[PDB]
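Quick setup: one chain, the form solved without the RNA, written in structure tokens, and binding and motion questions come after.
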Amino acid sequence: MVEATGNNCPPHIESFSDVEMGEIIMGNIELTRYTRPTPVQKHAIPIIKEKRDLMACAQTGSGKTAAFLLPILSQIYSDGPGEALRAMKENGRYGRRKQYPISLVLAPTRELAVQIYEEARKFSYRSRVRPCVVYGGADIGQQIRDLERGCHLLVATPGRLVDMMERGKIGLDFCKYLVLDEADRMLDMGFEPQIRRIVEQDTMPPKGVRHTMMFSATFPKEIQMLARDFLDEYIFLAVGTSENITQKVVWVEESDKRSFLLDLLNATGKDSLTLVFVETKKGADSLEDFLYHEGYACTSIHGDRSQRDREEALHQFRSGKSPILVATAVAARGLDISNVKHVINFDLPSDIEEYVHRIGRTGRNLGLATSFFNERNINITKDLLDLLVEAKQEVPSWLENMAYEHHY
């Protein structure tokens, strides 16, 4: 889970439409095919939309890039500087030869800057904002020519940005959004003097005028001290498994799933915790009852359970008194369940996205996900095949077969 702490902290959201980001952003989100905000996004988006400074301890895989880009671009579209007044300000003797970014994102490496820039383009599509990216280790002439086409949003490595500033190619006078991404890694690389020259020693509006966000995977003292210097009345956001997981997919008819489950639980040793996902609340109650009467210590959680029922279930699971948890996915979202050795998709979900999040509960090191598949699940065939192949897992032969069927 995610915790956010500070004075008057805006509450989190559940979906992108919970804040009014406008039609350009919302249409771009549909093109990007994000369906719901990740945990860091759920917190960071309303924080940024409310114009609050943010210190976020979060890493890659978080969705931290869109967590900052979405609300920043949204604000620029909603209430960015007036076009014509701004052109008067930026038009020199030779035309627009120096650019004045509304938003600056600092990043440690060319590879990270480029990723942030590519995500920005996904969200700046059909808007007035042209993002741009500059980085060390590549021809500067080329970058300067590109800046001249427009950077309302500039992504940059710190050394190359200082170079651009010294050359008079970039002005920070109107820069209203500053993001430091992987701030820890930037300090590790010795960029702090460059960052201080960018932020404190030139023309960037000071904290409380500009809006500032910092992201790092770690939070040492030096980062807390940078946050204190750079951030005004900020909120502290702390976020609490990829290929550590063996994935088994087996063909199981509905009337066979309980028996198949028993065999899986019989092969379980130790105190290994098992998470069993089912489709429905009824399904959860019914399966927990079957297991109890079969002599298994298990518990269950779903949406119609009280907060007390839920706390009691988690207590037994976490002590390992009842080392099998039966859950609907909607019920498991948000609660802390880590040391799961085995995730069982007793029923598969309709979307491969939900599949990925479910199996992400095991091996945060060794982990196992076993999924029961039948005719009800034809619709995820190709996406599941793509996922298995990508993770270098065993692909059932019948799955590759079904994947290419044009007759059934």
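We call the rigid core the largest set of C-alpha positions that still match within 1.5 Å between the two forms. Numbering starts at 1 and runs along the sequence shown.
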**Message:** Among other entries of this protein with both neighbours modelled, does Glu182 go without coordinates in a third or more of them?
**Reply:** no
**Message:** Using a one-third cut-off over the other compared PDB entries, is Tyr100 one of the residues left without coordinates?
**Reply:** no
**Item:** Count class of coordinate-free deposited residues lying between the neighbours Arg364 and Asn365
**Value:** 1 to 3
**Asked** If you count the residues of the deposited sequence that sit between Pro206 and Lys207 but have no coordinates, do you get none, 1 to 3, 4 to 9, or 10 or more?
**Response** none
**Complete:** The stretch whose C-alpha atoms carry the larger average B-factor in the entry, 307 to 315 or 263 to 271, is 263 to 271
**Asked** Got a sec? Mean C-alpha B-factor, which is higher, 108 to 116 or 331 to 339?
**Response** 331 to 339
**Asked** Hey, what third does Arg93 fall into on Cα B-factor, ranked over its chain?
**Response** lowest
**Asked** Lowest, middle or highest third of the chain for the C-alpha temperature factor of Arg145?
**Response** middle
**Message:** When the deposited Cα B-factors of this chain's modelled residues are ordered and cut into thirds, is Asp351 in the lowest, the middle or the highest one?
**Reply:** highest
**Prompt:** With respect to C-alpha B-factor, does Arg197 fall in the lowest, middle or highest third of the chain as deposited?
**Reply:** highest
**Asked** Lowest, middle or highest third: where is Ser286 by Cα B-factor in its chain?
**Response** highest
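Keep in mind that the form solved in complex with the RNA is not shown, yet the notes after this line are about it.
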**Asked** Between the options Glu390, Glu20, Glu14, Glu394, which residue brings a heavy atom to within 4.5 Å of the RNA in the deposited bound form?
**Response** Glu14
**Message:** Within 4.5 Å, heavy atoms only, which of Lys382, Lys51, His357, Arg364 is in contact with the RNA in the deposited bound form?
**Reply:** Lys382
**Message:** At 4.5 Å between heavy atoms, is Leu262 in contact with the RNA in the deposited bound form?
**Reply:** no
**Request:** Report whether the minimum heavy atom distance between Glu279 and the RNA in the deposited bound form is within 4.5 Å.
**Result:** yes
**Item:** 4.5 angstroms heavy atom contact with the RNA in the deposited bound form for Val330
**Value:** yes
**Message:** So, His302 and the RNA: in the deposited bound form, are they within 4.5 Å at any heavy atom pair?
**Reply:** yes
**Prompt:** Taking the partner as it appears in the deposited bound form, which of 35 to 43, 338 to 346, 51 to 59, 66 to 74 has residues with heavy atoms within 4.5 Å of the RNA?
**Reply:** 35 to 43
**Item:** 2 Å-or-more CA mover between the shown form and the other one, where superposition uses the core and the choices are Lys257, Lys122, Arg196, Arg210
**Value:** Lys257
**Post core alignment: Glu311 C-alpha displaced by 2 Å or more between the shown form and the other one** = yes
**Prompt:** For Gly22, is the C-alpha shift between the shown form and the other one 2 Å or more after core superposition?
**Reply:** no
**Message:** Once the core is superposed between the shown form and the other one, does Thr280 show a C-alpha displacement of at least 2 Å?
**Reply:** yes
**Prompt:** Looking in the deposited bound form, are the Cα atoms of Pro37 and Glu279 closer together or farther apart than here, the change being 3 Å or more?
**Reply:** farther
**Item:** Cα distance between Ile13 and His315, which in the deposited bound form differs by 3 Å or more from this form, closer or farther
**Value:** farther
